[PDB]
Participant: 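Let me give you the structure first, and then I'll get to my questions.
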Amino acid sequence: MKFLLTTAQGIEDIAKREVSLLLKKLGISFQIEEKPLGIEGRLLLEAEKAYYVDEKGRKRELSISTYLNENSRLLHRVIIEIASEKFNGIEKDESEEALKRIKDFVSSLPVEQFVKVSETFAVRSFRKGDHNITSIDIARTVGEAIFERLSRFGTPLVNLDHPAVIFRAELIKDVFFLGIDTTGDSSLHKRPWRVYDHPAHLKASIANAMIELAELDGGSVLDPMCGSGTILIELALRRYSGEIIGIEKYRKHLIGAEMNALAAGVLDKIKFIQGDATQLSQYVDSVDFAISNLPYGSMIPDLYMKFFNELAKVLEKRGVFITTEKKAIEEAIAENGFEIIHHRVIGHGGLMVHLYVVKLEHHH
Ligand SMILES: Nc1ncnc2c1ncn2[C@@H]1O[C@H](CSCC[C@H](N)C(=O)O)[C@@H](O)[C@H]1O
């Protein structure tokens with residue numbers, strides 16, 4: 001089996017590590033390629049089927065897709081792959097031509113091997129790049145192709161609302177992909193605990209990526225501009241052994257973090273404090289780690305300067321931060337005796353953000 005695993009742009013290596021350890025725990029053999037065909041936010045999983053002997057003394061199969069869906073914090077979707085292929089030139093093709101290429105390719109795929117005769121299906125599409133065709137066109141044409149093909153075998157059953165099987169068709173630049181979406185219509189980063197929806201909230205897979213990159217060890221963790229509390233809640237939910245502190249300036253957001261925390265089951269695990277991060281040291285004396293998604297906004301260059309000056313008074317190990325304001329954070333880091341020990345660019349729902357791992361320069 002081969003699977004297409006999606007996550008956020010620029011965290012594919014962190015996902016791959018996560019999925020590797022989970023799979024080593026089944027005892028199966030597998031390989032993971034990052035960014036198949038050059039496409040960001042994807043891994044290609046090639047695995048053995050996972051077989052055990054059941055209560056009747058027979059070989060039975062365990063679902064790799066369901067195991068990943070229930071146990072991953074970093075993935076968005078787990079898709080069973082039917083095919084994926086480079087349609088060279090397709091961006092430049094006229095619309096009639098592009099859809100011809102897609103239909104012909106789809107007609108030739110053994111899709112009847114991936115659905116029963118009684119199961120209803122629908123087609124969901126996603127498209128990224130510059131084409132003379134839309135996601136809607138793609139969904140129709142693929143949906144046509146699948147239907148014509150299944151009906152050589154029986155009576156296909158369509159259900160657009162509550163299908164039983166979802167074929168997902170994606171076209172990103174000139175790369176076309178078809179598979180079976182096991183995760184469903186709600187992507188995996190959607191958290192049921194999220195009752196309060198902060199307008200700049202962090203996606204939960206990217207929050208788990210920040211946590212990974214901190215390389216936590218049980219020391220105290222502080223989010224000193226914690227907003228609705230995503231990073232601390234995802235930490236508490238990993239059953240983190242260490243102390244968890246959040247600070248937030250505005251009482252409405254802070255109360256929102258408290259609600260999400262209660263809704264998650266983890267309120268007693270996080271200390272939540274109303275405060276200004278520009279005055280951090282009135283609130284705490286020493287913390288091992290700081291992890292934050294900083295405000296993006298001209299008063300920013302000053303807010304950052306002052307926060308990093310106070311952080312410098314309290315931080316024992318590593319800070320992990322994200323922001324859009326490259327020049328503002330890098331000046332504050334430099335001016336304040338910080339050292340950047342990792343940088344990477346991350347896609348955050350259509351916004352390229354920066355992530356910085358820092359430590360004090362004079363720590364050795
Ligand atoms: N000086 C300051 N001190 C403390 N918090 C501040 C601040 N200036 C801005 N903030 C807060 O920092 C937050 C940044 S974004 C919210 C955090 C996170 N992305 C989430 O998933 O919920 C905003 O809520 C803002 O209120």
Side-chain angles (χ1 to χ4, degrees), residues 8 11 73-74 76 187-214 221-238 244-264 266-267 269-284 287 289-315 319-325 328-329 332 336 346-356:
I11 74 179
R73 295 192 169 301
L74 285 137
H76 297 176
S187 157
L188 290 170
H189 58 53
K190 315 208 142 263
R191 294 315 215 242
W193 54 248
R194 195 189 294 280
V195 309
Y196 176 87
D197 182 334
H198 189 286
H201 75 258
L202 189 64
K203 202 174 265 145
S205 51
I206 297 163
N208 291 273
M210 297 183 70
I211 296 175
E212 295 292 341
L213 291 155
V221 175
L222 158 76
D223 187 341
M225 303 177 192
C226 71
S228 76
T230 303
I231 286 152
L232 308 181
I233 290 158
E234 291 290 315
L235 194 45
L237 291 165
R238 295 160 64 113
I244 307 170
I245 312 181
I247 297 158
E248 169 52 58
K249 184 178 212 187
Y250 297 105
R251 160 141 170 109
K252 161 197 194 281
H253 286 145
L254 184 85
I255 282 159
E258 291 171 311
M259 295 185 287
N260 288 333
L262 190 55
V266 302
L267 174 70
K269 295 295 199 256
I270 298 168
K271 184 185 198 198
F272 269 115
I273 301 169
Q274 188 177 355
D276 177 13
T278 68
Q279 251 147 18
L280 173 53
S281 37
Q282 305 188 343
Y283 308 110
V284 302
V287 294
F289 295 96
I291 302 177
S292 205
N293 178 214
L294 300 169
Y296 318 140
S298 266
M299 289 267 297
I300 283 297
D302 274 7
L303 171 61
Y304 281 21
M305 199 47 81
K306 287 144 157 184
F307 163 52
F308 278 93
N309 170 266
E310 291 287 302
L311 189 64
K313 318 172 171 341
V314 311
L315 176 76
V320 173
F321 304 100
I322 298 204
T323 170
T324 40
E325 301 291 308
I329 196 169
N336 291 285
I346 281 182
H348 176 40
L351 193 71
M352 296 318 114
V353 301
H354 298 284
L355 182 149
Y356 286 95

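Residue numbers run from 1 in the order of the sequence given. Counting starts at 1 for both ligands and their atoms, following the listed order.
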Participant: How far is atom 9 (C) of ligand 1 from the closest protein heavy atom, and which atom is that?
Facilitator: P295 CG, 4.0 Å
Participant: At a 4.0 Å cut-off, with the gap strictly under it, does some heavy atom of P224 reach an atom of ligand 1?
Facilitator: yes
Participant: Do you know which two heavy atoms are closest between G275 and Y283, and how far apart they sit?
Facilitator: CA-OH, 3.3 Å
Participant: Give the residue, atom name and distance (to 0.1 Å) of the protein heavy atom nearest atom 19 (N) of ligand 1.
Facilitator: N293 OD1, 2.6 Å
Participant: Can you find a heavy atom in the side chain of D223 that is under 4.5 Å from one in the side chain of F272?
Facilitator: no
Participant: Check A207 against ligand 1 and report side chain, backbone, both or neither, counting heavy atoms closer than 4.0 Å.
Facilitator: neither
Participant: Decide yes or no on side chain to side chain contact (heavy atoms under 4.5 Å, CB included) for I322 and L355, but give the supporting numbers first.
Facilitator: CA-CA 4 Å; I322 298 204; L355 182 149; 4.0 Å; yes
Participant: Check this for me - ligand 1, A200, N or O atoms closer than 3.5 angstrom, yes or no?
Facilitator: yes
Participant: Should the heavy atoms of other residues, nucleotides or ligands under 6.0 Å from OH of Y296 be counted, would the total exceed 12?
Facilitator: yes
Participant: Have a look at ligand 1 and work out which part of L303, if any, has a heavy atom under 4.0 Å from it: side chain, backbone, both or neither.
Facilitator: side chain
Participant: Does NZ in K313 sit with more than 12 non-hydrogen atoms of other residues, nucleotides or ligands closer than 6.0 Å?
Facilitator: yes
Participant: By number and element, which atoms of ligand 1 are closer than 4.0 Å to a non-hydrogen atom of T230?
Facilitator: 20 (C), 21 (O), 22 (O)
Participant: Students should be able to answer this: which protein heavy-atom is nearest to atom 12 (O) of ligand 1, and at what distance?
Facilitator: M225 CB, 3.3 Å
Participant: Which of the numbered atoms in ligand 1 are below 4.0 angstrom from a heavy atom of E248?
Facilitator: 11 (C), 12 (O), 13 (C), 23 (C), 24 (O), 25 (C), 26 (O)
Participant: Does the pair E212/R73 count as a salt bridge with the N-to-O cut at 4.0 Å?
Facilitator: no
Participant: Would you say the ring centroid of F321 lies under 6.0 angstrom from that of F308?
Facilitator: yes
Participant: Can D276 be said to touch ligand 1, with heavy atoms closer than 4.0 Å?
Facilitator: yes
Participant: Check ligand 1 against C226 and write out every atom of the ligand that is under 4.0 Å from a heavy-atom position of the residue.
Facilitator: 17 (C), 22 (O)
Participant: Identify, by atom number and element, the atoms of ligand 1 in contact range of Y250, meaning under 4.0 Å from any of its heavy atoms.
Facilitator: 26 (O)
Participant: Pairs of nitrogen or oxygen atoms closer than 3.5 Å, one from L202 and one from ligand 1: do any exist?
Facilitator: yes
Participant: So, regarding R194 and ligand 1 (criterion: nitrogen or oxygen to nitrogen or oxygen, under 3.5 Å), is there a contact or not?
Facilitator: no
Participant: Under 4.0 Å from any heavy atom of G229, which atoms of ligand 1 are there?
Facilitator: 22 (O)
Participant: Within less than 4.0 angstrom of ligand 1, does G275 place any heavy atom?
Facilitator: yes
Participant: Taking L280 as the fixed residue, which of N309, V287, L315, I247 is the one that meets the side-chain contact (heavy atoms from CB on, under 4.5 Å) rule?
Facilitator: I247
Participant: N260 side chain to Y196 main-chain N or O, any donor-acceptor pair under 3.5 Å?
Facilitator: yes
Participant: Quick test of your reading of the structure: of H201, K249, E234, whose heavy atom lies closest to atom 5 (N) of ligand 1?
Facilitator: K249
Participant: Picking from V266, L232, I231, what satisfies side-chain contact (heavy atoms from CB on, under 4.5 Å) with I244?
Facilitator: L232
Participant: Which one of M299, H198, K203 has a non-hydrogen atom at the shortest distance from atom 24 (O) of ligand 1?
Facilitator: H198
Participant: Can a donor-acceptor pair be found, under 3.5 Å and without considering hydrogens, that links the side chain of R191 to the backbone of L188?
Facilitator: yes
Participant: Give a yes or no on whether the backbone of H253 and the side-chain of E248 come within a donor-acceptor separation of less than 3.5 Å.
Facilitator: no
Participant: Relative to ligand 1, is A277 under 4.0 angstrom through side chain, backbone, both or neither, heavy atoms considered?
Facilitator: both
